Each structure stands twice: as structure tokens, then as C-alpha cells.
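Peer 1: Quick one: the structure is below, and I'll ask about it shortly.
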Protein chains: 2
Amino acid sequence: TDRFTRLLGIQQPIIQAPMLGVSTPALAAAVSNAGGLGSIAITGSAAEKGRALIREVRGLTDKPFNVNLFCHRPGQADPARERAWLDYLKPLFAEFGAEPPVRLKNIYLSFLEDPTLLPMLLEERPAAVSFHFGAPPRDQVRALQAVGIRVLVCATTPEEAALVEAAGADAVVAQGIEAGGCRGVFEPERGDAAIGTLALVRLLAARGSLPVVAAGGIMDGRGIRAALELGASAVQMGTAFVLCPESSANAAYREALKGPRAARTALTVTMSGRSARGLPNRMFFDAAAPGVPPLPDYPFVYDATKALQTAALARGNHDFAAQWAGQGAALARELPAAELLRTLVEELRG
Amino acid sequence: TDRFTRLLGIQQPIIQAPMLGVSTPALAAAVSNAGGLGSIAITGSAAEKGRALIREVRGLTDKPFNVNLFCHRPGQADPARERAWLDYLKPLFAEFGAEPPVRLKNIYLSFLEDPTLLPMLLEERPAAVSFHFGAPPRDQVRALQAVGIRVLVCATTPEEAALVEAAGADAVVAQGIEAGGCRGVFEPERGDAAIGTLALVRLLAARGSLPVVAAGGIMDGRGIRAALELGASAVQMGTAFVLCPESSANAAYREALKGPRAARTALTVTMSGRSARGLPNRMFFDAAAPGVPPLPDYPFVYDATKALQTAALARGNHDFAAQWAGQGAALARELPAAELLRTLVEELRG
Ligand SMILES: Cc1cc2nc3c(=O)[nH]c(=O)nc-3n(C[C@H](O)[C@H](O)[C@H](O)COP(=O)(O)O)c2cc1C
Ligand SMILES: Cc1cc2nc3c(=O)[nH]c(=O)nc-3n(C[C@H](O)[C@H](O)[C@H](O)COP(=O)(O)O)c2cc1C
């Protein structure tokens, strides 16, 4: 942890996970101010909006923070497949007096397909830039490192970690099956090894090269200590920060995570088009069930789901929301983010 | 921290997992003599054979050991379903010039359906009796405890752990998704939460009452230390002991676990009829695929598979073997069991 904190310029080996739709400049700044590494996610925003968000964080903290971008294979539009998916969803929209959207859009541009993102990052120079779903080309990773920036990439397997090493990243974020949100699997069509945090962190620390940031299921200082025993250099925690008042989780999401539903999470591909973990609801169904048409590509599926979420929310219905949560959800606490960071550090010290 | 060792009268908080077909009286005795808790599995044997196995262990050690029994819901014979399954397997049998069996047998009697097991255990009184796939009724757990036996039950979720506490067991074995072999899910028809070790151990230790024995993915002292930081009172390790000379793993299994195949494990229900983790081969296929008929009950499916294994083996083919292994398989070591136990203790102490 001394090595990692020195590398990142921070006091504590704790990253508050970037969480699209949940992390905020206020949350990131609170964690960075408290001594960890706060994070924001800027995928889905135009580069100049991402720039504004980065500048917002800087107006709230002097300390290092992490800017996260999705690096998936660029989605492949398929109007016919998307049409059939929308037709399939039509009765759900109709419950709320709505029709499905007339077309789906590539709402989350990959780092690999939006050439305006890299130069913006090279200008703003956040302390850390992180990638999910894949690693950028080595030359782009090097460009970021050429200015101040530390580069992290998420991996879910030793094979993916090898690719992160090849990309020249400064650290690998080892995401275990416990983790909330969309899984960082590079090529899900090849399957999902679905490796638990305890095995994955040990495997990458033992037979790997880079500092390992443990992600998935860690909710308290005991979990941080366990990750460190396995050989991690730091932890990345998402679910633990969702209930912070600084996050942009809405009231229904906070209520869900605080209550009995927190007892069980599940994986779904039907929410976004990519395997993701959260509190199961009506958007969690079997994609291989009879009558269910072929799934469109990521992220077009999520565009469809967001339209349905909008229609449901317009009638006060939250049963289609994306309430992401890891397998430690039952251990969630509701605290100001700075207090949570401090509490984690006290628990880590023992 | 001495919570489990004092409970069992042993020196080290390390259980060598019971492993049907792999653990032996010699393996159990080596581990118990070295200061841990050695284990044998006696399901699939008549009670008097089970008794003989227990006496074999006692012939080799005076120290505490663990005797394990399956406690699944008893399988229901279904000739039509079984005939359909055998028909589906028929071309595999034919590949090796064999016929499938005419009938499938209930080869592994549950503790719940063989009334001769409890009286035998009450007479022999091993230090620990453990159960997998379910908890016995409270009155039977009490009967065992009444003569000084410590009762352990495996759970894969907090809900199953609650049933273990209701049954009045002395300890819960928290089996995470990392674990090798058959998963201890009580009611797999309800689905499988598939909780990773790091989350599961923390959940049971943070929110439950019983001492927690961490099982799944633990291969070295760092892993043991990690489990203790999560709040476990001991660990249970299967895969780590498979390569010990004292085990009854055959040569193909040992070579498989030592070789490149150890880099990947997966789950299959088509081998035994219950979800199980091992090194994938031809018995690892999607049971929900088009053209695949309904699975017979556990353990009838395993009877079918064993017949196929026999036929394949006769032609020198090992691609249908049950080579169980957890997600830490790449970290397996080959040592005399007593030497492995000493190494683990050295690593644990730091
Ligand atoms: C609500 C939510 C949103 C998330 N959003 C992102 C994201 O936008 N980008 C990313 O790389 N990871 C995201 N993650 C995953 C985290 O980076 C991390 O893998 C995960 O939170 C660790 O598991 P935990 O929730 O048990 O701490 C998200 C996780 C959650 C729960
Ligand atoms: C080959 C093998 C056989 C096993 N047999 C049994 C068994 O007969 N009864 C039981 O309760 N658990 C059995 N287990 C599971 C262990 O009790 C334990 O949950 C598991 O080994 C822990 O995961 P690990 O292999 O990563 O250490 C077996 C595991 C393996 C790998």
C-alpha cells in the first residue's frame, strides 16, 4: 500500500469506484479530500461535458482523483434485431401508457470510437484515468502516461490481466464476481470464468506483474485487510459508497439498498446488454427463455431499457431501475463519504 | 481466533476437506497428526463400511478428525426421465463400444433416507461430523452433540446459514463460489446465488452467531490469513490437498491439476446432477441447450456418468472424468500432507 499510495499521490489505498449515474464530483472530492482516491465516470458525455465534470471535481478538491471511461468493443447497430427487441418490450411500455422508442442509439461511445476523449484528457491531466471492459492501445496508454497520468484497467481473469500488462498500464483493477454493476469481461461471447475476488486477487498478485487493486464485495476495513493479505496494493469499492449523501442515487435506490432486497443480488444481461450485478427486479429476466428474441448489442439494449425506465418513472414505478449492488450489499452503511473513508481507515488499522 | 481450535481440540484452524473419492483415512490421519482436522467422506457406503473407514482413521491417528455425510433431499426415481437421459447419452456410450445401463441407481443415500447412519455415528463418536447439501433436523444434530460430537454444516448463503443455526450446529462451513467439487446449495431448483468466498465469509461472520469455516479458493497461508481477517475461525481446503500422495486422486487427475488445464475451472450440472466445479471436459455441457432432455434427480445422474466413465476408461479415454478443483487450482502444490500442513502453518504465522 505504501507503493500504491506513493504512485497515486494519495494517503490511503482506497478508491471510491467510478459509478456511472451514481458517482458525482461531490462524492469524488469528498473521498479524495479524506485521503483516498475519489472517482467519476464520464462515458456517455461529450468530451467537453467530461471536461466540465473534471473541472468541477477540481473546484472541490486539490487532491488526486480518477476519471473513468468505458473501453468496450464499439457497439454494432442491428436495426432488425433492435426492432424485434423493442416489439418484445412493447407490453411493458404499454403498462405505463407508453410506446417503445422508434429507434435505438449508441448511447455509450467507447474510448475506442470517440477520438475526442484522449486529447481532452491529455489537456486536463487528471491524476488517474481508468478503463472498463478493455484496455486501450499501448500507444494511447503511453500518451496519457507521457503527461502526469496514472492508468488503471479492470480485468476479471488472469488472461485479461495479461492484456492489461501488455497495454502498459500502471495497475490492474481485479474485479471479482462479487462486484456490483457491469462486469469488466473483455469478450463476453467467449463466456465468463466468473472468478471470485478471493481467488482472482491472489492469482493476479502471485502470478502477475502489476499492482493489484481488489474490487468486489469489500465493504469494511476487515475486507480491505483481507484483500491486502491476498497481495493487493489497494481496494476499489463501489457499493459501499452508493448510500453516501454525495452520490446521485435516487430515493428509491437508497431505500432498496437499505432494505430487505439487499439480501440478494443477481446477474442480468437484459438491462444493458452486458452481464451486470444488482438488486433483481422486472428487468431481470431470462434472455434464453422461449419467445425472447436475440439480444441486441451493448449498449443499444441499455438505450431501450432507459426508455422503459423513463416511462415507468413517469408513473411512479421503480421496478425497472438499475439498482446496481455487489454481493456485500447487506453490509452497506449510510454515511457522509468523508466519514465513511475515515471509518474504513480506522477499521483497516485495527 | 481460538474459537474453532478450542471447539475441536486441535492445534491448527485448518480442515482438510472431506472429498468423496479423493480423501482417504491416510490423508485424514496425516493432517490430524500434523495438528489440523483431517476428514473422510463416507456417503455411498453402507453404514458398516463407513464404520470400518472410521476405524481405519483411528488406526492411524489418536487426534480429532471429521466424518462427512451428504444430507441432500433424497433423490426421486423417475424411470421415464432416466430413460430419456440415457438415450441422450447413448451415442457417447457407443463411441466406446458400450451400452448404457438399463436402470439408474440411487448411489448416494442421503443422511435423511438411511436410518442406519446415525446409530453408527453415535457409537463411533468421531470428533466432528459434517453435512453437505443440507442440515439434519435439530433433534438429530442434538443426538450427535449429546455424545460429544461437534456438528458442522456447509452453507452457501446467509439464508442457508440461518437454517444451520436453526438446526443448532456447532459451526458453519461457508462455501464460496471459488470452491471445487459439488456446491452445497440446499435447494438448487430455487437457483444459486453463487456468492464468492470473500463476500460470504464476511456476511456470515459479521451478521451471524456461529464460528465460520471459510471454504473456497484458499491455497496458501495468505489465503488463510485473508479468511481470518474476514472473521472466519478456521478454513476448509480441498483442492490444496488433492495432489498429496495420501489422496486417492488417480494419475490422470493429478497430471490434469498440475498441468495447463488448471488455468480454467467451470461449473457443470450434467456430471452428477448437482452443480459442481472442476476442470472442464466432455461432461461439461449446457443442460439448457436445445435438444437436451430434463435432468434426472441427483444422484441418479452421477450413476449414468460413472457408467460412461467406465466405458471411456476401458478405451483409455479420460475426457469424462470428474476432476474437481477450485478457482485457486493454478496455485496447487504437490507435497506429503503433513508437509503441506506445516508449510501452510508457516505461511499463516508469517
Ligand atoms: C452502481 C455501480 C456503478 C458502477 N459503475 C461503474 C462504472 O461506471 N465504471 C466502472 O469501471 N465500474 C463501475 N462499477 C464497478 C466498480 O468499479 C467495482 O468493480 C465494483 O463496485 C466493486 O464491487 P463492490 O460494488 O462490491 O464494491 C460500478 C459498480 C456499481 C455498484
Ligand atoms: C475433489 C473434491 C471433492 C470434494 N468432496 C466433498 C465431499 O465429499 N463432501 C463435502 O462436504 N465437500 C466436498 N468438497 C468440497 C470441500 O468441502 C470444500 O467446499 C472445497 O474443497 C473448498 O474449495 P477449494 O477446493 O478451493 O479448497 C470437495 C471438493 C473437491 C475439490
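By order in the C-alpha cells, chains are A, B, ...; within a chain, residues start at 1; ligands start at 1, following the order shown.
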For a quick test of understanding: name the residues of chain B lying within 7 Å of chain A when counting only C-alpha atoms, and present them as an NGL selection string.
Peer 2: :B and (177-178 or 193 or 195-199 or 217 or 222-223 or 225-227 or 229-230 or 266 or 327-328)
Peer 1: Output the selection as a PDB file, in the first residue's frame - N, CA and C atoms for each residue.
Peer 2:
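This went into selection-v3.pdb:
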```pdb
ATOM      1  N   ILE B 177     -18.105 -19.406  -4.083  1.00  0.00           N
ATOM      2  CA  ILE B 177     -18.233 -19.853  -5.468  1.00  0.00           C
ATOM      3  C   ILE B 177     -16.904 -20.391  -5.983  1.00  0.00           C
ATOM      4  N   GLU B 178     -15.801 -19.968  -5.355  1.00  0.00           N
ATOM      5  CA  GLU B 178     -14.466 -20.462  -5.699  1.00  0.00           C
ATOM      6  C   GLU B 178     -14.302 -21.961  -5.494  1.00  0.00           C
ATOM      7  N   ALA B 193     -27.410 -18.388  -5.714  1.00  0.00           N
ATOM      8  CA  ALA B 193     -26.901 -17.035  -5.523  1.00  0.00           C
ATOM      9  C   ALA B 193     -25.427 -16.916  -5.907  1.00  0.00           C
ATOM     10  N   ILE B 195     -22.405 -16.929  -4.385  1.00  0.00           N
ATOM     11  CA  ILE B 195     -21.713 -15.881  -3.636  1.00  0.00           C
ATOM     12  C   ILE B 195     -20.238 -16.248  -3.490  1.00  0.00           C
ATOM     13  N   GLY B 196     -19.360 -15.297  -3.803  1.00  0.00           N
ATOM     14  CA  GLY B 196     -17.930 -15.512  -3.652  1.00  0.00           C
ATOM     15  C   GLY B 196     -17.513 -15.636  -2.198  1.00  0.00           C
ATOM     16  N   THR B 197     -16.400 -16.331  -1.970  1.00  0.00           N
ATOM     17  CA  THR B 197     -15.881 -16.554  -0.629  1.00  0.00           C
ATOM     18  C   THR B 197     -15.715 -15.260   0.178  1.00  0.00           C
ATOM     19  N   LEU B 198     -15.140 -14.225  -0.429  1.00  0.00           N
ATOM     20  CA  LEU B 198     -14.857 -13.003   0.319  1.00  0.00           C
ATOM     21  C   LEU B 198     -16.142 -12.358   0.842  1.00  0.00           C
ATOM     22  N   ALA B 199     -17.184 -12.319   0.020  1.00  0.00           N
ATOM     23  CA  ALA B 199     -18.470 -11.804   0.499  1.00  0.00           C
ATOM     24  C   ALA B 199     -19.115 -12.757   1.493  1.00  0.00           C
ATOM     25  N   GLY B 217     -11.216 -21.610  -2.601  1.00  0.00           N
ATOM     26  CA  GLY B 217     -10.193 -20.794  -3.234  1.00  0.00           C
ATOM     27  C   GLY B 217      -8.952 -20.565  -2.395  1.00  0.00           C
ATOM     28  N   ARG B 222      -1.460 -16.979   2.987  1.00  0.00           N
ATOM     29  CA  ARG B 222      -2.035 -15.667   2.703  1.00  0.00           C
ATOM     30  C   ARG B 222      -3.563 -15.780   2.614  1.00  0.00           C
ATOM     31  N   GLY B 223      -4.041 -16.834   1.958  1.00  0.00           N
ATOM     32  CA  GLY B 223      -5.470 -17.098   1.866  1.00  0.00           C
ATOM     33  C   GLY B 223      -6.097 -17.355   3.222  1.00  0.00           C
ATOM     34  N   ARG B 225      -4.882 -16.341   6.144  1.00  0.00           N
ATOM     35  CA  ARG B 225      -4.856 -15.046   6.827  1.00  0.00           C
ATOM     36  C   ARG B 225      -5.979 -14.123   6.358  1.00  0.00           C
ATOM     37  N   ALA B 226      -6.235 -14.112   5.053  1.00  0.00           N
ATOM     38  CA  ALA B 226      -7.340 -13.334   4.488  1.00  0.00           C
ATOM     39  C   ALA B 226      -8.684 -13.769   5.078  1.00  0.00           C
ATOM     40  N   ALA B 227      -8.911 -15.079   5.150  1.00  0.00           N
ATOM     41  CA  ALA B 227     -10.155 -15.594   5.703  1.00  0.00           C
ATOM     42  C   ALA B 227     -10.331 -15.204   7.170  1.00  0.00           C
ATOM     43  N   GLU B 229      -9.037 -12.566   8.589  1.00  0.00           N
ATOM     44  CA  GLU B 229      -9.340 -11.136   8.637  1.00  0.00           C
ATOM     45  C   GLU B 229     -10.818 -10.872   8.359  1.00  0.00           C
ATOM     46  N   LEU B 230     -11.430 -11.688   7.500  1.00  0.00           N
ATOM     47  CA  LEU B 230     -12.860 -11.570   7.212  1.00  0.00           C
ATOM     48  C   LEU B 230     -13.733 -12.023   8.373  1.00  0.00           C
ATOM     49  N   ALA B 266     -14.774 -24.600 -14.350  1.00  0.00           N
ATOM     50  CA  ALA B 266     -16.139 -24.209 -14.680  1.00  0.00           C
ATOM     51  C   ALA B 266     -17.115 -25.054 -13.893  1.00  0.00           C
ATOM     52  N   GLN B 327     -11.169 -22.480  -7.743  1.00  0.00           N
ATOM     53  CA  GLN B 327     -10.642 -21.410  -8.585  1.00  0.00           C
ATOM     54  C   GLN B 327      -9.223 -20.992  -8.225  1.00  0.00           C
ATOM     55  N   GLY B 328      -8.666 -21.563  -7.158  1.00  0.00           N
ATOM     56  CA  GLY B 328      -7.257 -21.371  -6.863  1.00  0.00           C
ATOM     57  C   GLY B 328      -6.383 -22.505  -7.401  1.00  0.00           C
TER      58      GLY B 328
END
```
Peer 1: Which neighbours of residue B:106 fall inside 7 Å, counting only C-alpha atoms, when residues of the same chain fewer than 5 positions from it are skipped, and could you give them as a count of residues only?
Peer 2: 3
Peer 1: Could you state the separation of atom 15 (C, counted along the ligand's line) of ligand 2 and atom CA of residue B:121 in Å, given to one decimal place?
Peer 2: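 If I compute the distance from atom 15 (C, counted along the ligand's line) of ligand 2 to atom CA of residue B:121, I get 21.0 Å.
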Peer 1: Write out as number ranges by chain each polymer residue (protein, DNA or RNA) that has an atom no more than 9 Å from ligand 1, with only C-alpha atoms and all ligand atoms counted.
Peer 2: A: 16-23, 40-43, 68-70, 130-133, 153-154, 173-184, 214-219, 235-242, 249, 276-278, 322-329; B: 199
Peer 1: Need the shell around residue B:4: protein/DNA/RNA residues with any atom at most 10 Å away, counting only C-alpha atoms. Skip same-chain ones fewer than 4 positions apart. Format as a list in words?
Peer 2: residues 8, 9, 10, 11, 12, 13, 14, 170, 171, 210, 211, 212, 213, 232, 233, 234 and 235 of chain B
Peer 1: Could you please write out, as JSON, numbers by chain, every residue of stretch 24-238 of chain B that DSSP assigns to strand (DSSP E or B)?
Peer 2: {"B": [37, 38, 39, 40, 41, 65, 66, 67, 68, 69, 70, 128, 129, 130, 131, 132, 150, 151, 152, 153, 154, 155, 171, 172, 173, 174, 175, 181, 182, 212, 213, 214, 215, 234, 235, 236, 237]}
Peer 1: For residue A:282, which residue out of A:161, A:89, A:156, A:348 is the nearest one, using only C-alpha atoms?
Peer 2: A:89
Peer 1: Set the distance at 12 Å and use only C-alpha atoms: which residues neighbour residue A:135 once local chain neighbours fewer than 4 positions away are removed? I'd like the list as a ChimeraX atom specification.
Peer 2: /A:69-73,110-112,129-131,139-141,151-155,160-173,184-187
Peer 1: Please indicate the distance in Å from atom CA of residue A:293 to atom CA of residue A:100, rounded to one decimal place.
Peer 2: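 Taking atom CA of residue A:293 as the start and atom CA of residue A:100 as the end point, the length is 15.7 Å.
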Peer 1: Which is closest to residue B:29 among B:2, B:246, B:95, B:78, if we use only C-alpha atoms?
Peer 2: B:246
Peer 1: Calculate how many Å separate atom CA of residue A:146 from atom CA of residue A:6, rounding to one decimal.
Peer 2: 18.1 Å
